[PDB]
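# Geometric and topological summary
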Amino acid sequence: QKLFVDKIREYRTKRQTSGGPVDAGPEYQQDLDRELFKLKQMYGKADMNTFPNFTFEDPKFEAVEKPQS
Amino acid sequence: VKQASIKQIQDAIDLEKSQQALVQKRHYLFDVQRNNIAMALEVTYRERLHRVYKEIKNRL
């Protein structure tokens, strides 16, 4: 019970932070950036809302055009 | 000799009549052309809907 209440108090202390971890970490941002770059490379580059729309023509149009037609 | 001449004339008549029948069903080729071109054209139309939906999903 004593350890539980102590840890609850420290969790509330963590919640007292305005934002982010108390220890931001010199390498936490670098690791997050590396992971984000890896995810972007794996999943491919994507814009916020880009929705391209290009339609091709009929491919390999087969016809009856021949000398014996 | 007379009988042989009779046989020849009968064969010529039958050949002409037989050749008449095959002419009637000549319509089948045009139907094949029409169906092939129409189906081929619609196939690519459907893929565009599929493509657009997939592209939309990936972004989310």
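Residues numbered from 1 in each chain as written, not as in the entry; some residues may be left out. Chains lettered and ligands numbered in written order. Part of a larger assembly, values for the part shown. Heavy atoms only, no water. Residues with missing side-chain atoms left out of burial classes, pairs and counts.

Chain B goes by ATP synthase subunit b in the PDB entry, where it is assigned to Sus scrofa. This entry appears in the Protein Data Bank under the title "Cryo-EM structure of ATP synthase DP state".

Under the PDB entry, the name given to chain A is ATP synthase-coupling factor 6, mitochondrial, and the organism recorded is Sus scrofa. Of the comments in the UniProt record for chain A, the one headed Sequence similarities reads "Belongs to the eukaryotic ATPase subunit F6 family." (UniProt positions renumbered as here; feature names shortened; annotations may be inferred.)

### Section: the overall build of chain A
Broken down by element type, chain A carries 2 helices and 0 strands. For 69 residues, the compact-globule estimate of 2.2 N^0.38 gives 11 Å, and the C-alpha radius of gyration of chain A, at 30 Å, exceeds that figure by more than 25%. With respect to the three principal axes, the spread of C-alpha positions in chain A is 100 × 30 × 20 Å. (Helix = DSSP H or I, 4+ residues; strand = E, 2+ residues; numbered from the N terminus. Rg over C-alpha atoms; globule rule 2.2 N^0.38 Å.)

### Some remarks on the overall build of chain B
Within chain B, the regular secondary structure consists of 2 helices and 0 strands. For 60 residues, the compact-globule estimate of 2.2 N^0.38 gives 10 Å, and the C-alpha radius of gyration of chain B, at 28 Å, exceeds that figure by more than 25%. Overall size of chain B, expressed as C-alpha extent along the three principal axes, is 95 × 15 × 5 Å. Among the 60 residues that make up chain B, the fraction classed as buried is 0%. When the accessible surface of chain B is split by element, carbon and sulfur atoms take 62% of a total near 6000 Å². Across chain B, the mean location of the 12 positive side-chain charges is 6 Å away from that of the 7 negative side-chain charges. (Buried < 20%, exposed > 50% of the residue type's maximum accessible area, 1.4 Å probe, protein only. Areas by Shrake-Rupley, 256 points an atom, 1.4 Å probe, with all protein chains shown as cover. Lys, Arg positive; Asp, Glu negative; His and termini not counted. Charge placed at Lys NZ, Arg CZ, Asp CG, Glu CD.)

### Observations concerning the interface of chain B and chain A
The interface of chain B with chain A comprises 8 residues on the first partner and 10 residues on the second. Split into classes, the residues belonging to the side of chain B that touches chain A amount to 2 nonpolar, 2 polar and 4 charged. (Contact = heavy atoms within 4.5 Å. Nonpolar A, V, L, I, M, F, W, Y, C, P; charged D, E, K, R; others polar.)

### Here we look at unusual backbone geometry
Even without being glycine, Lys60 of chain A reaches a positive phi, approximately 55 degrees. Mapped onto the elements, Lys60 of chain A comes out in the segment after α2 (28-43).

### Quick look at the pattern of salt bridges
The closest approach of N and O atoms between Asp6 of chain A and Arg9 of chain A, which form a salt bridge, is 2.8 Å. Here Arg9 of chain A and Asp6 of chain A lie together in helix α1 (residues 2-15), a separation of 3 residues that amounts to about one turn. Here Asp31 of chain B ties to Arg34 of chain B by a salt bridge, and the two come within 3.1 Å at their closest N and O atoms. In this pair, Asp31 of chain B and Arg34 of chain B are both assigned in helix α2 (residues 28-59), 3 residues apart and thus about one turn of the helix distant. (Salt bridge = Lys/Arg side-chain N within 4 Å of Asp/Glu carboxyl O.)

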